[PDB]
């Protein structure tokens, strides 16, 4: 991209497809760029400063922003701009994996402001809630102002309308001051479809592979060294330039690499070199994502386990459309509590193949579980939070199953005070072919009836901030109890279950999940810490009991 060096500055653009590229500093010049054989164009410049805008003009004299742009002040079609280069970073994250409770935020909708500034304003509320890290949905510059972020198209540019680079940096500084970590959701498996100029430059994209997202990055074919470098330098950049604590990697099953060292192992290497954390979204149900190198693994810190969410959702909602078909039984939930994956090398009707592998002896903290998140709400055509699909008792029973699980729990913005608003899928393209593809895609795939390119759709998705105090108090206590009971990471749990109930016992507690009024046989003594209603005794002893629907936590 660029590197500020004393009072001069070096511009480097990878562009093997190109014979001839000129740097165009808006209102200062065209300047010819020097070309090496590997395809790099360079030039040093003396007359450049922060706030300066630029482009690159190609063989065909068309003009494009720096794919490695640090900031796109006027969008995905506007010029790149030089930014401040404050490269200050702690060598360590203060986050400890065993203490991680994650809160997923979508900046645009978190807050009436719609910006990082708005998130700084909620820091106190979060700290007080007991969250220990916030996960920020992708902020790589995407088209327009309304997008979940997966259509990001400038990996190094903080989205203009969220507050850009200053906003984000201020977010992480303030987060740290309050003692919260920030985790950044990054997308290395694909690039969005408007405002991407990389095809014009070089083989950024594999000709070898299709993913659910179409074209993937080229990590293993001709000229791929440079493209490995682009991604690997992006993880470095978020760490040195913004002091981020860690990453969530989007859809690692769509990152293909047949090299002797998988790019995923290399990504994890960068993050660990700088003592950070990485978490993977994986559809593979394969421990190699998360195993040590000595175990043939990429050594990623943890992975999402959709199986735990699916088990819960399918069982409590009675839904079986989509991936839900592979779930539904109370057995699925105990399986996920015990073995992490429901699909650990068993046939899937949904997928029409055997799926998964056991996970062996890894502890709870290699995995992340949740009852809601941006996909599990957002990919429903009507975007209904789960709070609309089960009764109050169930919703509490759900919140407890995951917050008291041995795995790292992730709260979805609003879940904790009982938000009822939908979280719709929205976008903000301006290419009419794209606009029409998305509305038709979305309707046909998801049954989305709201128009995603319509602003009302994004308005409807903004948190209400309408606190339900009974739910909020319940979450807050759950989180406190998890810490005190030393529940994190510990998979030495005993689980009994009857038809309509479950008891889960750990080292220091036991929980009653009663789905439906039942006569349960309780093998434990203990004193009540929290409960979903008032029907549970303050002190309980080994015996048979008739309970009503609800949850209680003992000892």
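Residue numbers count along the first chain shown, from 1.
In this entry, 431 to 439 shows the higher mean Cα temperature factor of the pair 361 to 369 and 431 to 439. With 86 to 94 and 210 to 218 compared on mean CA B-factor from the PDB entry, the stretch scoring higher is 86 to 94.
Among 283, 185, 468, 455, the highest C-alpha B-factor in the deposited entry belongs to 455. Of the candidates 38, 505, 491, 517, the PDB record gives 38 the highest C-alpha temperature factor. In this PDB entry, residue 510 carries a Cα temperature factor that places it within the lowest third of its chain's modelled residues. Split the chain's modelled residues into thirds by C-alpha temperature factor. Residue 140 is in the middle one.
For residue 2, the recorded CA B-factor ranks within the highest third of the chain. Only modelled residues enter the ranking. When all modelled residues of the chain are sorted by CA temperature factor, residue 276 is found within the middle third. Remark: residue 200 belongs to the highest third of its chain, ranked by C-alpha B-factor as recorded.
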